[PDB]
Amino acid sequence: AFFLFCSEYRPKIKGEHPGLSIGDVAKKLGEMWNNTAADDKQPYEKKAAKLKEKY
DNA sequence: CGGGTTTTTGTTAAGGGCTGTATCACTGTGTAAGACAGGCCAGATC
Numbered sequence: 101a102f103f104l105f106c107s108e109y110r111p112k113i114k115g116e117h118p119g120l121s122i123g124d125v126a127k128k129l130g131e132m133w134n135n136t137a138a139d140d141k142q143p144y145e146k147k148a149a150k151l152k153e154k155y
């Protein structure tokens with residue numbers, strides 16, 4: 101569920117910060133998705149499951 | 001025959017670095033195509 105949350109927060113991260121490296125940005129997004137509650141990634145996980153079922 | 005427990009792969013998030021082909025202006029160069037100068041007539045004329 102954290103993968104779709106990271107994918108959805110990547111544009112927010114690029115808007116809040118200019119971005120220096122994709123690796124550090126991805127690490128920070130993963131750390132944030134792990135520190136936040138699991139309910140925050142529920143619609144993201146639902147959209148990921150929908151995209152997996154459609155493809 | 002069938003779940004439990006355990007042992008291995010995929011997934012997309014991304015701007016990068018790295019490596020493998022595909023292409024692009026360049027000409028040159030081999031090749032059938034189809035035209036053309038004769039060759040060989042059979043018919044018209046004095």
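Throughout the first sequence, residue numbering follows the deposited numbering, covering 101 to 155 in sequence.
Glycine included, every Cβ here is placed at the ideal spot set by N, Cα and C.
Leaving aside the five residues before and after residue i along the sequence, list all residues of the same chain whose C-beta is less than 8 angstroms from its C-beta, in chain order.
i           : result
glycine 119 : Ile113, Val125
Could you give the DSSP three-state label for residue i: helix, strand or coil?
i           : result
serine 121  : coil
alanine 101 : coil
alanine 138 : helix
Just confirm the distance between the C-beta atoms of residue i and residue j, as a whole number of angstroms; I'd bet it's less than 8 angstroms.
i           : j             : result
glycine 130 : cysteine 106  : 6 angstroms
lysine 141  : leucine 104   : 7 angstroms
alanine 101 : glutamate 145 : 4 angstroms
Between which two residues does the alpha helix (DSSP H) holding residue i run?
i            : result
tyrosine 144 : 142 to 154
For residue i, which residues of its own chain have a beta-carbon under 6 angstroms away from its beta-carbon, when the five flanking residues on both sides are left out?
i           : result
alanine 148 : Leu104
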